[PDB]
Amino acid sequence: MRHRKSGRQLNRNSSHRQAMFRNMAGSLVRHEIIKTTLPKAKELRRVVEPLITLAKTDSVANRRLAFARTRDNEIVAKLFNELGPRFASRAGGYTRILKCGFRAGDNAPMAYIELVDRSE
Amino acid sequence: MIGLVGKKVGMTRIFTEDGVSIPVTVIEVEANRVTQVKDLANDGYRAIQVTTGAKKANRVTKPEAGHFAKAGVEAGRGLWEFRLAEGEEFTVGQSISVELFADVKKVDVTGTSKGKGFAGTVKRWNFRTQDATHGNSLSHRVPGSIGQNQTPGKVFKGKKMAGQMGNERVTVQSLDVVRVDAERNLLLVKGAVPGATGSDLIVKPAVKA
Amino acid sequence: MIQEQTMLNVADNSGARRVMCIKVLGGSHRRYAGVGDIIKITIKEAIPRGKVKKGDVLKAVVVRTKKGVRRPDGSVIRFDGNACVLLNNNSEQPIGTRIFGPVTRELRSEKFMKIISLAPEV
Amino acid sequence: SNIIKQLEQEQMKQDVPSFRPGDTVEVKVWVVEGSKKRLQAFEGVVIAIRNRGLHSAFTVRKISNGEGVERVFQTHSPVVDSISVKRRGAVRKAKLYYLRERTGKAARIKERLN
Amino acid sequence: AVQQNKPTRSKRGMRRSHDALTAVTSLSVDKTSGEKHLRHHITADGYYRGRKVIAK
RNA sequence: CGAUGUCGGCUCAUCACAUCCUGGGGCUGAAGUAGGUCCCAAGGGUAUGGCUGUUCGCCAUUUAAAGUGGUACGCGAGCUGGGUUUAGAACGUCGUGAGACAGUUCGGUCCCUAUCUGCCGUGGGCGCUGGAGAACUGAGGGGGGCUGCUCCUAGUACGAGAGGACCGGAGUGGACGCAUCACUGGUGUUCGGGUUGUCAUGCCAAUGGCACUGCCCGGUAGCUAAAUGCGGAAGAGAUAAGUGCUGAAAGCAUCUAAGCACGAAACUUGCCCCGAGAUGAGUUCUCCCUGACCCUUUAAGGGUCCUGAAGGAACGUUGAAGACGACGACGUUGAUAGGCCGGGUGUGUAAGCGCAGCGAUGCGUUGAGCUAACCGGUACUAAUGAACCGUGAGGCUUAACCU
RNA sequence: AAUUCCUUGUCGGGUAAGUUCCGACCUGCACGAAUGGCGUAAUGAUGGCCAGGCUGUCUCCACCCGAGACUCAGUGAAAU
RNA sequence: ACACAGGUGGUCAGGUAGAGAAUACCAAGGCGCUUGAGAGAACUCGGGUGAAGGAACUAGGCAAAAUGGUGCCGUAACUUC
RNA sequence: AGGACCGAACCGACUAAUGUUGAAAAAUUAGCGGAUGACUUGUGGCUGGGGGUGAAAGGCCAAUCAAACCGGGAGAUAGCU
Ligand SMILES: [Mg+2]
Ligand SMILES: [Mg+2]
Ligand SMILES: [Mg+2]
Ligand SMILES: [Mg+2]
Ligand SMILES: [Mg+2]
Ligand SMILES: [Mg+2]
Ligand SMILES: [Mg+2]
Ligand SMILES: [Mg+2]
Ligand SMILES: [Mg+2]
Ligand SMILES: [Mg+2]
Ligand SMILES: [Mg+2]
Ligand SMILES: [Mg+2]
Ligand SMILES: [Mg+2]
Ligand SMILES: [Mg+2]
Ligand SMILES: [Mg+2]
Ligand SMILES: [Mg+2]
Ligand SMILES: [Mg+2]
Ligand SMILES: [Mg+2]
Ligand SMILES: [Mg+2]
Ligand SMILES: [Mg+2]
Ligand SMILES: [Mg+2]
Ligand SMILES: [Mg+2]
Ligand SMILES: [Mg+2]
Ligand SMILES: [Mg+2]
Ligand SMILES: [Mg+2]
Ligand SMILES: [Mg+2]
Ligand SMILES: [Mg+2]
Ligand SMILES: [Mg+2]
Ligand SMILES: [Mg+2]
Ligand SMILES: [Mg+2]
Ligand SMILES: [Mg+2]
Ligand SMILES: [Mg+2]
Ligand SMILES: [Mg+2]
Ligand SMILES: [Mg+2]
Ligand SMILES: [Mg+2]
Ligand SMILES: [Mg+2]
Ligand SMILES: [Mg+2]
Ligand SMILES: [Mg+2]
Ligand SMILES: [Mg+2]
Ligand SMILES: [Mg+2]
Ligand SMILES: [Mg+2]
Ligand SMILES: [Mg+2]
Ligand SMILES: [Mg+2]
Ligand SMILES: [Mg+2]
Ligand SMILES: [Mg+2]
Ligand SMILES: [Mg+2]
Ligand SMILES: [Mg+2]
Ligand SMILES: [Mg+2]
Ligand SMILES: [Mg+2]
Ligand SMILES: [Mg+2]
Ligand SMILES: [Mg+2]
Ligand SMILES: [Mg+2]
Ligand SMILES: [Mg+2]
Ligand SMILES: [Mg+2]
Ligand SMILES: [Mg+2]
Ligand SMILES: [Mg+2]
Ligand SMILES: [Mg+2]
Ligand SMILES: [Mg+2]
Ligand SMILES: [Mg+2]
Ligand SMILES: [Mg+2]
Ligand SMILES: [Mg+2]
């Protein structure tokens, strides 16, 4: 029925979405912009925004939870140092979805997900 | 009398000092205002047109905005009708709150049920599932036979098959009203009313009982 | 939810140790039996010197269910183990003398005062 | 939900002692025969606490003279009169449903003593 | 699951009458560049709403 | 016979009335209760099991009753394959034999993506004639219609006694249907925790992956039944069988011929639902549009420039809506969704450190930390301004009031 | 009885209820002694039958996780 | 018949746990299988879990469920011992 | 010691489901039987159509068997369609 049920499935395993979103989150905390389809972009926003919110206060325990999920010292290094103090005053959404054309191979409605860090 | 238009706002329990719990549904009935009255002199029947709620200044369209302008009332989120009981004519612009149910003991509720999509035959019509073993290949929850043979030669008009379940207007009647929270603009009914928590309800006094 | 083929326990000194409900009495096509509903049982296990033996088709009345009984506030009372008290078909009186294993207050219906008088608790 | 939370807070009884699962509670309940309103006790171990506003309910288990008896208690119901805890337990679960198999000596738990 | 007679070339074309495509019927003209692009999509140049959001 | 798969079971049924029950009556060798029998009646309901391949039947225990048949002895392009008529084997019997037996026994691949009709749902186009946005009327269809027990009446009527009412009323259940998660529970591979093996993050300490979610214990939202509410009806109209009144034909008599009144779960409504494609295309309310030139077989004509409203659509954020369309809310004059903050709820005392002990580990910090869909707020991110479609007072004849 | 048509023979046991099953009575349609007769420890992806355990086989299904089905893009059949 | 879930003899065959070449997680090395992207209906297939009852299912406990390891204690009728 | 026992390789194929215009002109998934022998298997030979071989089913003899396949009698014959 799906009534009030959230979280997209993306035709994949629960063990696949766990690791796909783990790596796709790590690419955005390594390049700040990535191109992907909408149903992945609408979901990447759901796992990075709570990740940045977690990285808002530096701690020993927070950097464990930041490493438990996302399993990367480097992404954790870019957080708490770069992306931690950068979005300290912005309260809420730390990313932005920008739609674009379609994939020529399979007609997927692509979109640009990016951190709000274009202006330097 | 006629009935009011409210909005289903969840359900709770109301404890009696005897000790019996009462499953009570809270019905938010705001100030129902009357936009138009109808008489046999122009409409052939005797009924009123109510409205409740508050739309936005950009959403109430021009044909709608002129309709609320003739009464001189605010623009609600919908319009409904209520057939009059021969001696209860109201005026255009009159606001009925909840007080008509100050003496009513049993009400009937009317609202659109929850939508369930394209439901199966065992779910929509309570057909029994076949044996899911012993030999049953590829047919566990199917309907099985749907008609006889050459003599009828066709499926009869009105066969219970798979289709759209729910998302239709139903009327669960003879519900006892528990407490008329007049100053909070509520209505407490014993039981369960159709509709999701937020979909409107046409509550009206019991015609059957 | 006591129904046909349900293996019960005996809650009094009548002679049986384990009985099996063969048909839930009452209404036609009745599926499950409840709190103090009458059922027809058969005796599957017995003591040697009892008033009854294996294979007696006598009635009973449920007393303790593993499903429970819901008091009118929603407070269910959930026993652990199905049990019953044997009856005397034509006259419906309890054939057992001392009923052990606490009963529920829903039995107080003018036909089971003899059971709620001989019960230890509740 | 300001409508619901208003109707929910007005009927909950504001004197419930905060207990935990594992505590051996002693519950007094208003049992009536219709005419004679009488208070009786119910001594047992708190099996689960399902605390949710007015609809909060907890269950306790008494191993009676026959077998184990469990009953849930509508916490804010008028039939529940007193829920004075006797002693306090120390367990590492929110719900002790595993005791439904443990009988006798195997179904005893420790005490906090803090 | 097999046809008894054959359908006509009439019945075929009647069935495809719903399979006709729909045009977009409107192109949004951008503020800055003035290119014609889809609504809520970036330009082929890579601008959106007035800003170089593709950085290419 | 260039193919109609022969039994029974499962499932889903539908019709007939020669009716098993409930309902309305006559007669009774009908006191009462309970029955016998016939007439009217098909609205609804019309067993679970042991043995058998069985339908059937017998048996056990219930029920208000566990109806009789048609529909390829309904239903294999829906499912079983036990029986029966494939190839193997054996026993009894028959025959010299190969083999044979409405004799028997053990084992034996059951195919098909649905063009059309039909049926269950759901949209597009055009019509409805000036267009658009809403609320209804209602033709005509469908769903629903079952019923026990106990008490009061009264343990009165009736009856030697034992027993033991109709009618009327109230309450409580069984089966079935509708609706709903507040409770009682189930699921809950998106939340928490425990733990085995092993690999990895350089190691210890902590974590992640994989092994059916690794295996388990609990659990939010949603869904859901075993859970919780509700429903059948009352009443009205016209009738069946039947009961009658008055009453001639036939001085009487008679329910009928004129005339009139009673009379069932069947019929028509009353209850709920779909419903103006009801082409007989309805009614009411409101809103919007009242600009100029040419040709002309000069006609409800064709074309251009100037203007294109109300509204719709499109795209977008999505929804307790949903297969896809559609439907509902919102589109910054913003709460539609995500995030965030607080709360609730769930799991149970995180990490690190300190201390006690050789140690596993415990205690304190701390009922902490982590908390998914839930509740109330807040524009931080995304719903961009425009554009597209749709037009410019709405034919003829006739009549009624005005001019 | 892998044999008994009549037949679910009749009695007893198992069961609330047993056309199958187990033990017997002989009225053996139509058992019978190497086309072997009667028993037999063990063994059997053997036949029949019963009890315990155990469970969604079922009472009666409910939910969830994936692969198709559904929508869009590419390619593109078949019996008939 | 194909870039087909099939068939094809012999040899080498590590680490941890384990009785083992079982099985599980890894090394070396080799691959993600030549259609994908969304939605999250009925229904179908591969599976998970389940209140009370527990074969009431059915031709039949078919299929599932379940038991399951190493030591030690202990183990009947019958028997060719 | 054993045509011994449990159990992989290997061989075999009892049950169920899927499949049955399939991935396959008899396979796959989850369980099963044997698994030191009357075993299995690689390589090369030998037995041939009224014949071969057969722990015997009238099974097998190149996806064909109560008498293979190919060519030739032969345009057999057909009171049948
Ligand atoms: Mg949501
Ligand atoms: Mg796909
Ligand atoms: Mg069934
Ligand atoms: Mg088969
Ligand atoms: Mg098959
Ligand atoms: Mg199947
Ligand atoms: Mg098409
Ligand atoms: Mg033909
Ligand atoms: Mg046949
Ligand atoms: Mg009727
Ligand atoms: Mg049966
Ligand atoms: Mg029968
Ligand atoms: Mg049996
Ligand atoms: Mg043969
Ligand atoms: Mg349409
Ligand atoms: Mg009708
Ligand atoms: Mg009555
Ligand atoms: Mg729960
Ligand atoms: Mg779980
Ligand atoms: Mg290492
Ligand atoms: Mg370590
Ligand atoms: Mg783990
Ligand atoms: Mg009536
Ligand atoms: Mg009349
Ligand atoms: Mg008459
Ligand atoms: Mg009729
Ligand atoms: Mg309507
Ligand atoms: Mg406009
Ligand atoms: Mg839309
Ligand atoms: Mg605001
Ligand atoms: Mg929000
Ligand atoms: Mg809490
Ligand atoms: Mg601690
Ligand atoms: Mg941890
Ligand atoms: Mg929070
Ligand atoms: Mg016999
Ligand atoms: Mg016998
Ligand atoms: Mg012989
Ligand atoms: Mg001889
Ligand atoms: Mg022999
Ligand atoms: Mg013998
Ligand atoms: Mg053998
Ligand atoms: Mg058994
Ligand atoms: Mg396509
Ligand atoms: Mg390939
Ligand atoms: Mg291959
Ligand atoms: Mg090794
Ligand atoms: Mg080792
Ligand atoms: Mg291996
Ligand atoms: Mg590698
Ligand atoms: Mg699915
Ligand atoms: Mg399971
Ligand atoms: Mg059991
Ligand atoms: Mg098995
Ligand atoms: Mg298994
Ligand atoms: Mg072989
Ligand atoms: Mg295999
Ligand atoms: Mg094996
Ligand atoms: Mg060879
Ligand atoms: Mg020829
Ligand atoms: Mg010749």
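Criteria and cut-off values
- Residues numbered from 1 in each chain as written, not as in the entry; some residues may be left out.
- Chains lettered and ligands numbered in written order.
- Part of a larger assembly, values for the part shown.
- Heavy atoms only, no water.
- Helix = DSSP H or I, 4+ residues; strand = E, 2+ residues; numbered from the N terminus.
- Rg over C-alpha atoms; globule rule 2.2 N^0.38 Å.
- Buried < 20%, exposed > 50% of the residue type's maximum accessible area, 1.4 Å probe, protein only.
- Contact = heavy atoms within 4.5 Å.
- Buried area = accessible area lost by both parts, 1.4 Å probe.
- Salt bridge = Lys/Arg side-chain N within 4 Å of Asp/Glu carboxyl O.
- Nonpolar A, V, L, I, M, F, W, Y, C, P; charged D, E, K, R; others polar.
- Pairing = 2+ DSSP bridges.
- Axes fitted to C-alpha atoms, helices over the stretch in contact; angles between N-to-C directions.
- Near = heavy atom within 4 Å.
- Polar contact = N/O pair within 3.5 Å; in protein donor to acceptor, adjacent residues only side chain to side chain.
- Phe/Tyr/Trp six-rings, centres within 6.5 Å; stacked < 30°, edge-to-face > 60°.
- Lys NZ or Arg CZ within 6 Å of the ring centre and 35° of its normal.
- Core = buried A, V, L, I, M, F, W, Y, C linked by side-chain atoms within 4.5 Å.

Per the PDB record, this model was obtained through cryo-EM at a reported resolution of 3.2 Å.

(A) Examining the overall build of chain B more closely. Looking only at helices and strands, chain B features 2 helices and 12 strands. Listing the helices and strands of chain B from first to last along the sequence gives β-β-β-β-α-β-β-β-β-α-β-β-β-β. The C-alpha atoms of chain B give a radius of gyration of 23 Å, which is well past the 17 Å a tight globule of 209 residues would have. Taking the principal axes of its C-alpha atoms as reference, chain B extends roughly 70 × 50 × 40 Å. The buried share of chain B, taken over its 209 residues, is 36%.

(B) Quick look at the arrangement of the chains. A comparison of contact numbers over the 5 pairs of chains in contact places chains C and D at the top. At no point do chain A and chain C touch; the closest pair of C-alpha atoms across them sits 27 Å apart. Separated throughout, chain B and chain E approach each other most closely at a C-alpha pair spaced 17 Å apart.

(C) Here's a closer look at the interface of chain C and chain D. In this complex, chain C contributes 16 residues to the contact, which on the side of chain D involves 17 residues. For the chain C and chain D pair, buried surface summed over both sides reaches about 1400 Å², with 45% attributable to carbon and sulfur atoms. Taken as a group, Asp73, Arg78 and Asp80 of chain C account for 36% of the area that chain C buries against chain D, more than any other trio of residues on that side. Where chain C meets chain D, there are 1 salt bridge. Per element, the largest residue contribution to the side of chain C that touches chain D is 4 residues, and it comes from strand β6 (residues 76–79) of chain C. Residues that form the side of chain C that touches chain D fall into these classes: 5 nonpolar, 4 polar and 7 charged. Looking at chain direction, β6 of chain C and strand β4 (residues 68–74) of chain D are connected through 3 bridges and run antiparallel. What sits directly across from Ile77 of chain C, in β4 of chain D, is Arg71 of chain D.

(D) Highlighting the pairing of strand β2 (residues 37–50) of chain D. Residues and elements named next belong to chain D. Where strand β1 (residues 24–32) meets β2, 9 bridges bridge the pair, whose relative direction is antiparallel. Bridging across to β2, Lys28 finds its partner in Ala41. Between β1 and β2, which follow one another and run antiparallel, lie 4 residues, and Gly34 among them has a positive phi close to 100°. Pairing of β2 with strand β3 (residues 57–63), which is carried by 5 bridges, proceeds in the antiparallel orientation. Bridging from a neighbouring strand, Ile49 pairs with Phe58 of β3.

(E) Main features of the sheet that holds strand β3 (residues 109–115) of chain A. Residues and elements named next belong to chain A. What the 3 strands build is an open sheet, ordered β1-β3-β2; its pairing is antiparallel. The two strands at the open ends of the sheet, each matched to only one other strand, are β1 (33–37) and β2 (95–102). Sheet twist, expressed as the mean angle between neighbouring strand axes with direction ignored, is 25°. Pairing of β2 with β3 involves 6 bridges; the strand directions are antiparallel. Its bridge partner being in β3, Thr95 is matched across the sheet by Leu115. Each of β1 and β3 is contacted by helix α1 (residues 14–31), which is oriented at about 145° to β1, the strand it contacts most.

(F) How the structure looks around the protein's contact with RNA strand F. If you check the shell around RNA strand F, you find 160 residues, and the closest are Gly93 of chain A, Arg59 and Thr151 of chain B, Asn51 of chain D together with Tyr48 of chain E. Among the atoms of RNA strand F lying within 4 Å of the protein, the sugar-phosphate backbone contributes 76%. At a separation of 3.4 Å, a sugar or linking oxygen of RNA strand F approaches a polar side-chain atom of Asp131 of chain B. One of the backbone nitrogen or oxygen atoms of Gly135 of chain B is found 3.2 Å away from a sugar or linking oxygen of RNA strand F. Element by element, the count of residues in the surface near RNA strand F is highest for strand β10 (residues 169–176) of chain B, at 7 residues. Partitioning the surface near RNA strand F into residue classes produces 40 nonpolar, 65 polar and 55 charged.

(G) Structural detail: the protein's contact with RNA strand H. With respect to spatial proximity, 31 residues lie near RNA strand H, and among them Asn11 and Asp106 of chain A together with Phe118, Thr133 and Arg141 of chain B are the closest. Note that a sugar or linking oxygen of RNA strand H is positioned 3.0 Å from one of the side-chain N or O atoms of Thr6 of chain C. Contacts to RNA strand H include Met7 of chain C, whose backbone N or O atom sits 2.8 Å from a phosphate oxygen. When the residues that make up the surface near RNA strand H are grouped by side-chain class, the tally is 10 nonpolar, 12 polar and 9 charged.

(H) Fine view of the sheet that holds strand β2 (residues 16–24) of chain C. All names here are of chain C. Here we have 5 strands laid out as an open sheet, ordered β1-β2-β3-β4-β7, and antiparallel in their pairing. Single-partner strands in this sheet number two, and they are β1 (6–7) and β7 (83–86). Bridge count for β2 against strand β3 (residues 38–46) is 7 bridges, and the pairing is antiparallel. Pairing of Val24 across the sheet is with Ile39, part of β3.

(I) Region of interest: the environment of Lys99 of chain A. Residue position: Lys99 of chain A is located in strand β2. Taking the C-alpha atoms as reference, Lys99 of chain A lies 6.2 Å from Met110 of chain A; in sequence the two are 11 residues apart. Non-local contacts of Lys99 of chain A, meaning those with residues more than four positions away in its chain, are made with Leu38, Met110 and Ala111 of chain A together with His40, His41 and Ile42 of chain E.

(J) Expanded view of the packing of aromatic side chains. All names here are of chain D. Applying the stated criterion to the full structure yields 4 aromatic pairs over all chains. Look at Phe19 and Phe58: their rings are 4.8 Å apart centre to centre, the planes differ by 70°, and that puts the pair in the edge-to-face class. One end of the pair, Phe19, is in the loop between α1 (2–9) and β1; the other, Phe58, is in strand β3, with 39 residues separating them in the sequence. Judged by its relative accessible area of 1%, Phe58 falls in the buried class. Aromatic ring contacts, followed pair by pair, group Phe19, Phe42, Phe58 and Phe73 into a single cluster. The ring of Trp30 carries the charged tip of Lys37 above its face, separated from the ring centre by 4.5 Å. Taking NZ or CZ as reference, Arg71 lies 5.3 Å from the ring centre of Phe42, over its face.

(K) Spotlight on the pattern of salt bridges. Counted under the stated rule, the structure contains 19 salt bridges over all chains. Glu114 of chain A is paired through a salt bridge with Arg118 of chain A; the nearest N and O atoms lie 3.5 Å apart. Its relative accessible area of 3% is what places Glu114 of chain A among the buried residues. In this structure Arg118 of chain A comes out as partly exposed when scored by relative accessible area, which is 26%. Among the ionic pairs, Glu106 of chain C bridges to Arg71 of chain C, the shortest N-O distance being 3.5 Å.

(L) Representation of the nonpolar core. Within the largest apolar cluster, 28 residues are counted, with the highest numbers of intra-cluster contacts made by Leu28, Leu44, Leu79 and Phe80 of chain A. For this core, the secondary structure elements donating two or more residues are α1, α2 (38–54), α4 (73–78) and β3 of chain A. At 7 residues, α2 of chain A tops the list of elements feeding residues into this core. In this structure, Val34, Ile96, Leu175 and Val177 of chain B belong to the second largest nonpolar core, which totals 24 residues.

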